[PDB]
Amino acid sequence: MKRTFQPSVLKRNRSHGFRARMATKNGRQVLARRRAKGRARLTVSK
Amino acid sequence: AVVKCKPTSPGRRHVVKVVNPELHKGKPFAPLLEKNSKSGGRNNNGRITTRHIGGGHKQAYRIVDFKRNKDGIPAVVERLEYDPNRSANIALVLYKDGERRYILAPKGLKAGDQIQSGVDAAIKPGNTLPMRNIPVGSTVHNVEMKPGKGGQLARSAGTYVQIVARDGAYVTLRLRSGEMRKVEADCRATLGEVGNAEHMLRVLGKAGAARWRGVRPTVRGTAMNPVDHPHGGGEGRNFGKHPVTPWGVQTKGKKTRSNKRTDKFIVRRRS
Amino acid sequence: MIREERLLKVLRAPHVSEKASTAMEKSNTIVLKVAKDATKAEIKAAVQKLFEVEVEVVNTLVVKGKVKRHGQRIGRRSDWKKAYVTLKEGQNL
RNA sequence: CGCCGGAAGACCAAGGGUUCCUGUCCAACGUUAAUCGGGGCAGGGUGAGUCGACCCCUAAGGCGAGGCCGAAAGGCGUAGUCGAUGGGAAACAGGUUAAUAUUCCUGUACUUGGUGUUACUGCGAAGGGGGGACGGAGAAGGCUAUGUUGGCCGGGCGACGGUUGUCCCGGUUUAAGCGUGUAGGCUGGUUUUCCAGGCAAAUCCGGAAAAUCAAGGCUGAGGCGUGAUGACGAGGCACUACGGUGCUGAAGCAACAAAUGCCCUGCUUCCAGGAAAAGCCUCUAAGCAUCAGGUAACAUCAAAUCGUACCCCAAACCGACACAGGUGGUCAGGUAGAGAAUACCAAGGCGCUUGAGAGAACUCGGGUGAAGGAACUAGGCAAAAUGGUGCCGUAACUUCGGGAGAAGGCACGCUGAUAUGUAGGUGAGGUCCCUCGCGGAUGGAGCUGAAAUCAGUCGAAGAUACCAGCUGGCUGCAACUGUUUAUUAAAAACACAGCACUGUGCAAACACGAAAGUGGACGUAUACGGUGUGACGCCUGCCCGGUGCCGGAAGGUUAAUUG
RNA sequence: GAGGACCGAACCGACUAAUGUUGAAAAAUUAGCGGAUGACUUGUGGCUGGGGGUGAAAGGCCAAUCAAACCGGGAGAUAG
Ligand SMILES: [Mg+2]
Ligand SMILES: [Mg+2]
Ligand SMILES: [Mg+2]
Ligand SMILES: [Mg+2]
Ligand SMILES: [Mg+2]
Ligand SMILES: [Mg+2]
Ligand SMILES: [Mg+2]
Ligand SMILES: [Mg+2]
Ligand SMILES: [Mg+2]
Ligand SMILES: [Mg+2]
Ligand SMILES: [Mg+2]
Ligand SMILES: [Mg+2]
Ligand SMILES: [Mg+2]
Ligand SMILES: [Mg+2]
Ligand SMILES: [Mg+2]
Ligand SMILES: [Mg+2]
Ligand SMILES: [Mg+2]
Ligand SMILES: [Mg+2]
Ligand SMILES: [Mg+2]
Ligand SMILES: [Mg+2]
Ligand SMILES: [Mg+2]
Ligand SMILES: [Mg+2]
Ligand SMILES: [Mg+2]
Ligand SMILES: [Mg+2]
Ligand SMILES: [Mg+2]
Ligand SMILES: [Mg+2]
Ligand SMILES: [Mg+2]
Ligand SMILES: [Mg+2]
Ligand SMILES: [Mg+2]
Ligand SMILES: [Mg+2]
Ligand SMILES: [Mg+2]
Ligand SMILES: [Mg+2]
Ligand SMILES: [Mg+2]
Ligand SMILES: [Mg+2]
Ligand SMILES: [Mg+2]
Ligand SMILES: [Mg+2]
Ligand SMILES: [Mg+2]
Ligand SMILES: [Mg+2]
Ligand SMILES: [Mg+2]
Ligand SMILES: [Mg+2]
Ligand SMILES: [Mg+2]
Ligand SMILES: [Mg+2]
Ligand SMILES: [Mg+2]
Ligand SMILES: [Mg+2]
Ligand SMILES: [Mg+2]
Ligand SMILES: [Mg+2]
Ligand SMILES: [Mg+2]
Ligand SMILES: [Mg+2]
Ligand SMILES: [Mg+2]
Ligand SMILES: [Mg+2]
Ligand SMILES: [Mg+2]
């Protein structure tokens, strides 16, 4: 059966990539929270 | 002509189609075409603002001359053409100076007829004149409501307007809806009436024929659940309420015109 | 031209392997580890200046570093560029 | 030996990321053992002017200088700028690695730029025009891929009767490019004058009027030649470090069949009327006129960067698994067959990572069954049965189309003859003509080849396997095709064409929006929205007291305000 | 050579039965079944956001999640 995760790196970067997060002020707060928590990987990337 | 298809299929039994052998069998005039992308009834918020719109055949927009402001210069009709963007047919005219334009094809017009706009044009179907130069009682179409703005009234297939009275700077018109309206005399109109009058005789015949025209199905409000529509649910078929729009406004009778700006031009409302 | 200070940095090491050896004795081609950002123009000028030979054409490719596992932790070796430098017929090294 | 073979083979995209190859190891991992592995460890491996990306160009859409709007955050949007799933220059065959190759090598090509010289020369865009540039369906003509047979070449003479022949086995391959402009498709051609159009200008486009010529131009599969005295090539002969390596190398034709591929972005036809922009061609303005710049020839230089291994009905992707699931595109051999169904095979790939015995009940999946034949059961659930082609024949009813494959029946293999292979298809040589060629006419060799009739003949059975409708009668509901509760409901539910009422005069009603605005619609009452009904046929009666809606404006009552 | 035409593979679907039900599988397999030129199907990309979307309407669907998604917070809600 067709499961929910059908990967596509183009759609992955356009939806959750770094520049997508930096576009809006809400996405920038996501990066702020993740930097504060000390995440090793801020966003989806290679 | 109006022809009924033979019932070789349940979907073809009731089809009644309109054939016109004088329509151009070929490609339209390229320099007068534009891209006309569909919308699905969505506005710039991406929300459905008009239900039951979607799909249908791809269509290219024909730039129709509704202003007819090329006065003095005669023009000849090259051919009548099918236009998917409107119910009427359009005529490709060729002016004496070499310009080609698209106009609404009036009734009786055919390839080779000569038309002209301006205050000096002859009174005959296809000519465009300011309404103060048109005899009272005549039948016109493609009427402007502001001078130089472009025709906005009586553009559908078979429609027309008759000038019933003229006084001062205004003329009174009887619209196809039966409403008497005042329009200032400097507005333009085209003599005659819009062609393709038998457009209303067609029968689509099957559900798919409406889908080709970009019309999605209409779900009756009484078939929904109470959360979806005021006509709600009920065990079985229950109505027990006054008919309303999906947003609760009473339909079947309630007048919704609220425009005090243009009331001075309405001589008498339709009835 | 290209500055010699730049040329003295693009060549890193001569790649030694079975394929590199047969390419040397069957097609007169040397295989070199070059700088990651080196272009075919820079590699050609550097070999002709430092090794004093005549270069016909340069083919390059980027080698992806392997993901190795040191004890219990995983690491990844660096990527590096490999160059196939073809010399003229009457040249040696 | 068995299995797949429109896949369980081959190749891309996506996604994964070293799983690829070699050496080595067997703790853990592998549903067992493991010397093996997609496991551990080490080493190796991805070569591009032409493939892809990047790049140029835009679609939906995104963002958006100013701008408009909004308590703030922000919303919308102009100029713009991004955004492929689409448009845009160019390479093929052979060889080679343990692992890459249209990338390396060999041979033979091509494209776009830069610079230079020479010859000729009105160039010039953020503008104009052209072009790019476009639907569905259908038809059948020409082809090719490809296959079959013959010929040719090489080999063979048979473990058991026969097998020097009408015998057996194998091979019979060759590209882009360049030249030729064919089947066929489209279009009159040229010159001169004039002109309210293409925002200005225009020699261009459009329009008008003349004269003249009638064949000119564009497009175009394939064939043919060349590419190629080459390469490849059955095999043979050498070595083998027994995997391979080296050397040599015959024929390399014709006929027929033939695509869902190509001509074809064509032709015909229909209505539901079928992207954009750039590259490209052309036109001039400003401007530049020695120049600059353009066209042509030759020379020379440049074509960067990134991707390139491996897996893809998969043990490597999505499913927690080495999971009977899901996963877009390309390729499409033989015999039978209408066929991409099905059966058996080729190329190629596999036997599905526990076995060994035994041959109880019982369960699962199947086979057969005396006599009976729905007595079973909520119910013919399941099973059995029917099943093909041709011909004959076919009811009520009907909206005249249907119903209908109604029902029912007959024939069906093989051999011979008609006819040493017919009708038909294909078409050589020859001959003739030609305004000469990839020409026309005639001509029929050769090849291919149904269907039918008659006679004979075998079996219990000839649509023999796989494959492949059960049929009829009465009736409810819904007209129909379609849609729906992903994961217990597919229906009489929803939709539907049609009908009616009602709103709506355009800055439309209405909807999304504190707003700007957007949809409705680049539409205009033969239009649009809402509501109910639901093809068609015959029809749709009475009630306006209640509730709602519409109209009315006299009177009564009545808010802020006023005081 | 018309058709939301007919028969029937791919493809899409899911009517019946059996199996399975600590499954091979958190919805499948096997044998039959419906549509199969269209209101068809499919790839890539895009848009619509939670009292909101979308819905040929089942309260269906909106990441194995739905009569109001998920995540964090109010929050140690309150619990005769
Ligand atoms: Mg997304
Ligand atoms: Mg309706
Ligand atoms: Mg319901
Ligand atoms: Mg309600
Ligand atoms: Mg009831
Ligand atoms: Mg090279
Ligand atoms: Mg490279
Ligand atoms: Mg590894
Ligand atoms: Mg391996
Ligand atoms: Mg073990
Ligand atoms: Mg390994
Ligand atoms: Mg701003
Ligand atoms: Mg914006
Ligand atoms: Mg761009
Ligand atoms: Mg390989
Ligand atoms: Mg242009
Ligand atoms: Mg052939
Ligand atoms: Mg023998
Ligand atoms: Mg013998
Ligand atoms: Mg011709
Ligand atoms: Mg590669
Ligand atoms: Mg590869
Ligand atoms: Mg593969
Ligand atoms: Mg496979
Ligand atoms: Mg699997
Ligand atoms: Mg699929
Ligand atoms: Mg098969
Ligand atoms: Mg047994
Ligand atoms: Mg029995
Ligand atoms: Mg019996
Ligand atoms: Mg019986
Ligand atoms: Mg009984
Ligand atoms: Mg009983
Ligand atoms: Mg049954
Ligand atoms: Mg059966
Ligand atoms: Mg007989
Ligand atoms: Mg009853
Ligand atoms: Mg029905
Ligand atoms: Mg149905
Ligand atoms: Mg269900
Ligand atoms: Mg069901
Ligand atoms: Mg009644
Ligand atoms: Mg009132
Ligand atoms: Mg059908
Ligand atoms: Mg079918
Ligand atoms: Mg099945
Ligand atoms: Mg059917
Ligand atoms: Mg309910
Ligand atoms: Mg869910
Ligand atoms: Mg609190
Ligand atoms: Mg608590």
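Residue numbers begin at 1 in each chain, while the letters A, B, ... track the order of the sequences.
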Validation: residues 19-42 of chain A side-chain donor-acceptor distances under 3.5 Å, sequence neighbours left out:
{"from": "A:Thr24", "atom 1": "OG1", "to": "A:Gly27", "atom 2": "N", "distance (Å)": "3.2"}
{"from": "A:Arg28", "atom 1": "NH1", "to": "A:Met22", "atom 2": "O", "distance (Å)": "3.0"}
{"from": "A:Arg34", "atom 1": "NH1", "to": "A:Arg41", "atom 2": "O", "distance (Å)": "2.9"}

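- Of the residues in residues 54-64 of chain C, those placing a heavy atom less than 4.0 Å from an atom of RNA chain D are C:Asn59, C:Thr60, C:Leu61, C:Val62, C:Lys64, in numerical order.
- In this structure, B:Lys241 places its NZ atom where more than 12 heavy-atom neighbours from other residues, nucleotides or ligands lie under 6.0 Å away.
- The stretch residues 24-37 of chain A touches RNA chain D through A:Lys25, each having a heavy atom under 4.0 angstrom from the strand.
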All N/O contacts under 3.5 Å from nucleotides 34-40 of chain E to the protein, with atom names and distances to one decimal?
{"from": "E:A39", "atom 1": "OP1", "to": "B:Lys206", "atom 2": "NZ", "distance (Å)": "3.2"}
{"from": "E:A39", "atom 1": "OP2", "to": "B:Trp212", "atom 2": "NE1", "distance (Å)": "3.2"}
{"from": "E:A39", "atom 1": "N3", "to": "B:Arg211", "atom 2": "NH1", "distance (Å)": "3.0"}

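- No contact: B:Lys241 has no heavy atom under 4.0 Å from any strand.
- Atoms CZ and NE2, from B:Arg211 and B:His57 in turn, are 14.5 Å apart once rounded to the nearest 0.5 Å.
- For B:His14 against D:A497, a side-chain-to-base donor-acceptor contact under 3.5 Å is absent.
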Side-chain donor-acceptor contacts of residues 83-90 of chain C below 3.5 Å, not counting sequence neighbours, with atom names and distances?
{"from": "C:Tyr84", "atom 1": "OH", "to": "C:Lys19", "atom 2": "NZ", "distance (Å)": "3.4"}
{"from": "C:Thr86", "atom 1": "OG1", "to": "C:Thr29", "atom 2": "OG1", "distance (Å)": "3.3"}
{"from": "C:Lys88", "atom 1": "NZ", "to": "C:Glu54", "atom 2": "OE1", "distance (Å)": "3.3"}

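- At the heavy-atom level, B:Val203 lies under 4.0 Å from the strands shown only through sugar-phosphate atoms.
- With respect to C:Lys40 and C:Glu42, no salt bridge is recorded, no charged nitrogen being found less than 4.0 Å from a carboxylate O.
- Heavy atoms of A:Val9 sit under 4.0 angstrom from primed sugar atoms or phosphate atoms, though from no base atom.
- Contacts with RNA chain E (heavy atom under 4.0 Å) in residues 24-54 of chain B: B:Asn45, B:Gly46, B:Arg47, B:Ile48, listed by number.
- The CG atom of B:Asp65 sits 9.5 Å away from the CG atom of B:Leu104 when rounded to the nearest 0.5 Å.
- Judged by the 6.0 Å and 45° rule, B:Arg155 forms a cation-pi pair with B:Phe66.
- On a pure distance criterion of 3.5 Å, a polar donor-acceptor pair joins the side chain of B:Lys252 and the base of D:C501.
- No hydrogens or angles were tested; on distance alone, a donor-acceptor pair under 3.5 Å links the side chain of B:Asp228 to the base of E:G55.
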Please list each protein N or O that sits under 3.5 Å from an N or O in nucleotides 492-494 of chain D, with the distance.
{"from": "D:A493", "atom 1": "OP1", "to": "B:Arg237", "atom 2": "NH2", "distance (Å)": "3.4"}
{"from": "D:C494", "atom 1": "OP1", "to": "B:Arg220", "atom 2": "NH2", "distance (Å)": "2.6"}
{"from": "D:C494", "atom 1": "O5'", "to": "B:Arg220", "atom 2": "NH2", "distance (Å)": "3.4"}

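- The 5' end of RNA chain E is approached more closely, in terms of each residue's nearest nucleotide, by B:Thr8 than by the other of B:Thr8 and A:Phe5.
- Here C:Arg76 lies out of heavy-atom contact (under 4.0 Å) with every strand.
- Neighbouring residues D:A272 and D:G273 fail the stacking criterion, which requires the centres of their six-membered base rings to lie under 5.5 Å apart and the ring planes to differ by under 30°.
- Stacking between E:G35 and E:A36 holds: their six-membered rings sit with centres below 5.5 angstrom apart and planes below 30 degrees.
- Residue B:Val244 comes nearest to B:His231 through the heavy atom pair N-NE2, 3.0 Å, listed as atom of the first residue, atom of the second, then distance.
- Counting non-hydrogen atoms of other residues, nucleotides and ligands closer than 6.0 Å to NZ of A:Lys11 gives a total of 12 or fewer.
- Distance check, rounded to the nearest 0.5 Å: CZ of B:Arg86 to CZ of B:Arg62 gives 10.0 Å.
- Atom OG of residue B:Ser177 and atom CZ of residue B:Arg270 lie 7.0 Å apart, to the nearest 0.5 angstrom.
- For D:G401, its base sits under 3.5 Å from the side chain of B:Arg13 at one donor and acceptor pair at least.
- Residue-level contact check: B:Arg100 touches the backbone only, with heavy atoms under 4.0 Å from sugar-phosphate atoms and none from bases.
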Distances for protein N or O near nucleotides 86-88 of chain D N or O, under 3.5 Å:
none

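- Judged by ring centres under 5.5 angstrom apart and ring planes under 30 degrees, D:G230 stacks on its strand neighbour D:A231.
- Salt bridge absent: C:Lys81 and C:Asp37 never bring a charged side-chain N and a carboxylate O closer than 4.0 Å.
- Nucleic acid contact for C:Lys81: sugar-phosphate only, since backbone atoms but no base atoms lie under 4.0 Å from a heavy atom of the residue.
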Check residues 179-198 of chain B and write down every donor-acceptor pair under 3.5 Å in which the side-chain atom is one partner and the other belongs to a residue at least two apart or another chain.
{"from": "B:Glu179", "atom 1": "OE1", "to": "B:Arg269", "atom 2": "NH1", "distance (Å)": "3.4"}
{"from": "B:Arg188", "atom 1": "NH1", "to": "B:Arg68", "atom 2": "O", "distance (Å)": "2.9"}
{"from": "B:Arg188", "atom 1": "NH1", "to": "B:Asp71", "atom 2": "OD1", "distance (Å)": "2.8"}
{"from": "B:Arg188", "atom 1": "NH1", "to": "B:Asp71", "atom 2": "OD2", "distance (Å)": "3.4"}
{"from": "B:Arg188", "atom 1": "NH2", "to": "B:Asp71", "atom 2": "OD1", "distance (Å)": "3.4"}
{"from": "B:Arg188", "atom 1": "NH2", "to": "B:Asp71", "atom 2": "OD2", "distance (Å)": "2.3"}
{"from": "B:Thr190", "atom 1": "OG1", "to": "B:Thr128", "atom 2": "OG1", "distance (Å)": "3.0"}
{"from": "B:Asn196", "atom 1": "ND2", "to": "B:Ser87", "atom 2": "O", "distance (Å)": "2.9"}

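- In this structure, OH in B:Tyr102 is found 6.0 Å from CG in B:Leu33, a value given to the nearest 0.5 Å.
- A stacking criterion of 5.5 Å and 30° is not met by the six-membered base rings of adjacent nucleotides E:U22 and E:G23.
- Within the 4.0 angstrom heavy-atom criterion, no nucleotide atom of any strand lies near B:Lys6.
- Taking a 4.0 Å limit (strictly below) on heavy-atom distances, residues 16-31 of chain C reaches RNA chain D at C:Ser17, C:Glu18, C:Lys19.
- Residues from residues 66-86 of chain B lying near RNA chain E, meaning a heavy-atom separation below 4.0 Å, are absent.
- Using a cut-off of 5.5 Å between ring centres and 30° between planes, the six-membered base rings of E:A9 and E:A10 qualify as stacked.
- Relative to the six-membered ring of B:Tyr95, B:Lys70 meets both conditions, a distance below 6.0 Å and an angle of at most 45° to the axis.
- Residues B:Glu144 and B:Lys146 are not paired through a salt bridge, judged by the lack of any N-O separation under 4.0 Å between the basic side chain and the carboxylate.
- As judged by a 4.0 angstrom heavy-atom cut-off over every strand, B:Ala88 is placed among residues making no nucleic acid contact.
- Within the model, atoms CG of B:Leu32 and OH of B:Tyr61 stand 11.0 Å from one another, a figure rounded to the nearest 0.5 Å.
- Judged by the sign of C1'-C2'-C3'-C4', the sugar at D:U268 is north, the angle being positive.
- If you check every strand for non-hydrogen atoms under 4.0 Å, B:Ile63 touches nothing.
- Formation of a donor-acceptor pair under 3.5 Å by the B:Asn43 side chain with backbone atoms of B:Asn45 is found in this model.
- Residue contacts for C:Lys68: at a heavy-atom cut-off of 4.0 Å it reaches the sugar-phosphate backbone alone, with no base atom in range.
- Using a 4.0 Å heavy-atom cutoff across all strands shown, C:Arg77 reaches sugar-phosphate atoms only and no base atom.
- Near RNA chain D, meaning a heavy atom under 4.0 Å from it, residues 156-163 of chain B has B:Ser156, B:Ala157, B:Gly158, B:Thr159 in order of number.
- B:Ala210 comes within contact range of the sugar-phosphate backbone alone, with a heavy-atom separation under 4.0 Å but no base atom that close.
- Between the side chain of B:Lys96 and the base of D:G206, no donor-acceptor pair of N or O atoms lies under 3.5 Å.
- Within 4.0 Å (heavy atoms only), A:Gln6 reaches sugar-phosphate atoms of the nucleic acid but no base atom.
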